[PDB]
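Visitor: The structure is given below, and queries will be raised subsequently.
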Amino acid sequence: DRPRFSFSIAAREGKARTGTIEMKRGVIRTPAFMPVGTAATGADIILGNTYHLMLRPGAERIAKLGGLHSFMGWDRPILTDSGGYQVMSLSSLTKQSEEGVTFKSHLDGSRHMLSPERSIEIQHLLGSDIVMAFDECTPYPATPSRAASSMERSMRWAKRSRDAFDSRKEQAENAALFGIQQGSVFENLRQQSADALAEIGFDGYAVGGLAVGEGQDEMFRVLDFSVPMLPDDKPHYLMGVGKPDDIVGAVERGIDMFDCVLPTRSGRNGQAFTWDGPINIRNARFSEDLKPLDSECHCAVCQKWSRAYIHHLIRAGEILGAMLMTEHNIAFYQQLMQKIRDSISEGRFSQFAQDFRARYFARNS
Amino acid sequence: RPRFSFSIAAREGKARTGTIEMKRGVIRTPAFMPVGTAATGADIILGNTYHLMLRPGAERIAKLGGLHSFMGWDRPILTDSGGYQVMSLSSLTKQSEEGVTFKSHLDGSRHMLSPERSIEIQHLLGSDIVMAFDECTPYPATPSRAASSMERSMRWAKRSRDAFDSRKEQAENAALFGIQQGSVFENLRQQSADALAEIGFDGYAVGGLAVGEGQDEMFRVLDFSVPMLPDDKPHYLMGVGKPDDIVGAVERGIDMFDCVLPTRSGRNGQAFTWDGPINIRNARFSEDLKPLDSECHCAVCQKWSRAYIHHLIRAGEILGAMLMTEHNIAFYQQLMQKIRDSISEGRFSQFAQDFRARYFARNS
Ligand SMILES: CNc1nc2c(CC[C@H]3O[C@@H](OC)[C@@H]4OC(C)(C)O[C@@H]43)c3nc(N)[nH]c(=O)c3cc2[nH]1
Ligand SMILES: CNc1nc2c(CC[C@H]3O[C@@H](OC)[C@@H]4OC(C)(C)O[C@@H]43)c3nc(N)[nH]c(=O)c3cc2[nH]1
Ligand SMILES: [Zn+2]
Ligand SMILES: [Zn+2]
């Protein structure tokens, strides 16, 4: 049968790689974009907001309903985060210590807590295939003192995540665990986090603490030295990235996995991604543009709907407009990953990145 | 249960409270009718006919069991006719006496709306209350533009009546509402009302409002338009509205409401409270341990504080807007219940004064 977790590289070019991740529920073609999973009403894997799901409707409720695969109507692999991002983005509502993170008690007495052990337990109840270690996304900007103490605490939490993950045979035999590298924008702290994660051992290694307002120039600079610190024979996950040009540049620096809310956030805010850069469909230039959102896109929206139709739908307050924008953006992101995977296999990825950026920045939509 | 039976239990001024009895349940009036969604306290929900015929299509919904199966909702459902999209999407339409033809899509598909096709689609959706195919006259409109538009809509209202009665299954189990037009002009409103009464309908909706006219102008049109409709029939104000808009509209004879603001506000960081709307994104709520509203009985206010929702939206968690949306919908139903209670008690005039006094002071 299919293996638990097997990462093989089929072709390389520079620091970029293309290949597959084999799991019991399907194959993940890398470099991969992993869209946000939703409740049931082309991607290889979807994600679940662990913090969101544990509050609504609850990890135990999800488990009794059959798991996220039953909850989201998705039989392919699923990855869940650990909540370490919400440890930072919601720090004002948290009491934090070495044991874990305790959130402010609710008006009904209910109180939620996150720890390396509880996070893995929740991710097991959700039935996810790829588990993220409980970490802390260090805020940006952060002093070298604040970044060091946070990264060091996160590495202590990473070891407890490893132990808690291995404490369940059912989870350790069917799922995979990813360590998350921290260190903010500092090379030395990044090397300490990578060394700590490798000594513990993980099926995959994620680069955390980025996509928090640092800018692409700073993000690329951190990727330049951070990704070579991770085990080459293991997949590399850049959390929170990103824009199409962010993804292309990140693949050029050794990243194999991506997640981002921009396709949905842009689709709900009137922005569509095209090969000629992003477009604001609300602009009057599209009032009578009879072309689809993107001339090359093969998604269902571009085969039927014009820019003019979508422009007037959003102007008229029809939520169908944002759904088509969202539907296009998600499919466009998968088409970007496919073109990236193709170009690495052909040995023409460096040419693709140049041609992509040239046309994506000219904005000749 | 009867097909459609509207009875008034208590009156005060032009305001009324009562029930609408249908084969699938009872609708307590004055009623707010939230926007129905696909399955994942209101008496009736609505379905965007124009949206549903495009996604996933009226025929697909019919084969799935109808909107009651589609939305997991066994209670009554009301569907609009598309007459609003005739105006809001007029740039993509070719309009004539026969109906409205939308611009052909990139796959050759073309959609058309007419009094006959609209009623057929609403039958395919399996809705319990059908709206006549009309045209929401744009605002502002010249008296010439409003007259031709209203008269066209009344010819469409008659064809809607005939098409509705052409199906025994629909005519014996559903209801048809006529829609009054005339923009902001009294004489044109009287012609539309007279025309709709000569045709005959189970209910009468006040259309062509909530299109940017302002509350003062909207109330002024309601002052003379609602008394033109049959008193023994329900009155539906389409698109209204804000909480104070609803209270003022009930004061002028409206029994039914629909509005996207509870969802539009919940997604844009605005929550409705008895002390007026609040912008949860303001820093004053960063540590406000109180719920969104002190009196609200919804699930969100029993568990979540203003501080928690404020930080969720600030952190980009979509759960924040869901709680805001859930509260706004439940708050709207609590407003209708308090209105229905006060009419039954004979103290509605006092409620309207007390509501506006506290709602506009903004002492949240
Ligand atoms: C956007 N920038 C960005 N995302 C990051 C994440 C993922 C956190 C997001 O995963 C989403 O669910 C799948 C949730 O939806 C939003 C609201 C986007 O937040 C959650 C991170 N996760 C962990 N564990 N650790 C990190 O250092 C980290 C850094 C990030 N930077
Ligand atoms: C907000 N103001 C407003 N709404 C009105 C409507 C309902 C049309 C809306 O009903 C909603 O679905 C249930 C949809 O939400 C949006 C997207 C707002 O549009 C649909 C009207 N409908 C008809 N048939 N005729 C009218 O004269 C009319 C006037 C309106 N003024
Ligand atoms: Zn597309
Ligand atoms: Zn509430």
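Visitor: Taking 7 Å along the Cα-to-C-beta vector as the label spot, tell me the B:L289-B:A357 distance in nanometres, rounded to one decimal.
Guide: 3.1
Visitor: Something else about it: Per 10 Å bin from zero, what fraction in whole % of the C-alpha pairs of the range A:142-222 is there, up to the bin with the longest pair?
Guide: That works out to 18, 46, 26, 10, 0, in percent per bin.
Visitor: For a label point 7 Å from the Cα of B:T142 along Cα→C-beta, name the residues of the range B:186-225 whose backbone N is under 12 Å from it.
Guide: none
Visitor: Considering only DSSP beta bridges whose two residues both sit in chain A, what percent are antiparallel, to the nearest 5?
Guide: DSSP beta bridges in chain A are roughly 50 percent antiparallel.
Visitor: At 222 nm, what value in deg cm²/dmol follows for chain A if DSSP H runs of at least 4 each add -39500 (n - 2.57) and the sum is divided by all its residues, to the nearest 500?
Guide: Calculated at 222 nm, the ellipticity per residue is -12500 deg cm²/dmol.
Visitor: When the convex hull of the C-alpha atoms of the range B:233-364 is computed, what volume per residue in Å³ does it have? Provide the component values of the computation, followed by the final result.
Guide: Working: hull volume 12.9 nm³, N = 132.
Expressed per residue, the convex hull around the Cα atoms of the range B:233-364 is 98 Å³.
Visitor: List the residues, sorted by chain then number, that are 5 or more residues from A:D289 or on another chain and whose placed amide H is less than 5 Å from its amide H.
Guide: Close amide H contacts, sequence-distant or interchain: A:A308.
Visitor: Next question. Jot down the per residue volume, in cubic angstrom and as a whole number, of the convex hull over the alpha-carbon atoms of the range B:87-219. Show your work: numbers first, answer last.
Guide: Values: hull volume 16.0 nm³, N = 133.
Considering the Cα atoms of the range B:87-219, their hull volume per residue is 120 Å³.
Visitor: Going through the range B:101-133, which trypsin sites (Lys or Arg not before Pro) have at most 13 other Cβ atoms within 10 Å and a DSSP loop state?
Guide: Sites meeting the loop and neighbour criteria: B:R110.
Visitor: Once amide H atoms are built 1.01 Å from N in the peptide plane, which residues 5 or more positions from A:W305, or in another chain, come under 5 Å H to H?
Guide: HN-HN under 5 Å from A:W305: B:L106.
Visitor: What translational diffusion coefficient, to the nearest whole µm²/s, does chain B have by Stokes-Einstein, given a Kirkwood radius computed over alpha-carbon pairs, a temperature of 10 °C and 1.306 mPa s viscosity?
Guide: Numbers: Rh = 21.2 Å.
Answer from the Stokes-Einstein relation: 75 µm²/s.
Visitor: As an exercise, use a Förster radius of 30 Å and the Cβ-Cβ distance of B:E59 and B:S5 to find the FRET efficiency, rounded to the nearest 0.05.
Guide: In this case the efficiency is close to 0.40.
Visitor: At 7 Å along Cα-to-Cβ for each site, give me the label-to-label distance between B:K14 and A:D233 in nm.
Guide: My value for the distance between the label points is 8.2 nm.
Visitor: Name the residues whose placed amide hydrogens come within less than 5 Å of the amide hydrogen of B:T19, ignoring near sequence neighbours (fewer than 5 apart) on the same chain.
Guide: Under 5 Å from the amide H of B:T19: B:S7, B:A9, B:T29.
Visitor: Oh, and also: Taking every DSSP beta bridge with both residues inside the range B:173-327, roughly what % is antiparallel (nearest 5)?
Guide: About 30 percent, rounded to the nearest 5.
Visitor: So what's the protein assembly as shown giving for Cα Rg divided by 2.2 N^0.38 Å, two decimals?
Guide: So the protein assembly as shown has a normalised radius of gyration of 1.06.
Where a number appears in this text, it was derived from the coordinates with a stated rule and is not lab data. Note that each Cβ is placed from the backbone with ideal geometry, even for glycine, and that neighbours are counted across all protein chains shown.
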